[PDB]
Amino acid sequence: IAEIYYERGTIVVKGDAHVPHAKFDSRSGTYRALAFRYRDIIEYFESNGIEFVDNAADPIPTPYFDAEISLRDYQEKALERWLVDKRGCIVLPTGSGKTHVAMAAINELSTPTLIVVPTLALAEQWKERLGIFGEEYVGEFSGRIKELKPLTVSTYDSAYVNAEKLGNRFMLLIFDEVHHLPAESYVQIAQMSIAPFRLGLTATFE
């Protein structure tokens, strides 16, 4: 029987020996893939009607969100385009409409979400902004506090260092790229996360 599980930011696959992007690891005697390949491996099992056990994903229990989705027309335009693959980047003119489309997305897919923002300061803002979902579901994971709520905002720093710990607890990954972040900060965090849904955010202005 097919089974997968997570560790050190990688997916271990037992059973199927022809799983995509999974390579054989002679040290362990197993196939292994970077955690972000999680989604592909899943769609591979399901698509081929293959039976499997998911010991990889360990989703934080998240409620059904149904709050005030107030966006601008162009803001709601993109959201719907990103909703097709739920794995892309969104460029927005505004900037407060960035922290807006994000909110919208979270609300649509009521799944555990990690929000990576540079600087604590910017995290503090996002927390109190996520409150329109329930202050009790909003957490912060940083050098200041390491809490894991269904909606946790983290700093590029804290997220990079605890990739092991955050990697399999979220299904939706959001990057608040303020002027964009390093291909060693940004890229590295993404790669070790199993999160099948990714949303990168940038504000042309400010």
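Residue numbers run from 1 along the displayed sequence.
For the two regions 144-152 and 44-52, the entry's Cα B-factors average higher over 44-52. Higher average CA B factor: 179-187, of the stretches 179-187 and 21-29. Across the options 106, 117, 78, 114, the residue with the most elevated CA B-factor in the record is 78. Residue 58: CA B factor lies in the lowest third for its chain, per the PDB record. Per the PDB record, residue ranking by Cα B-factor puts residue 203 in the middle third of the chain.
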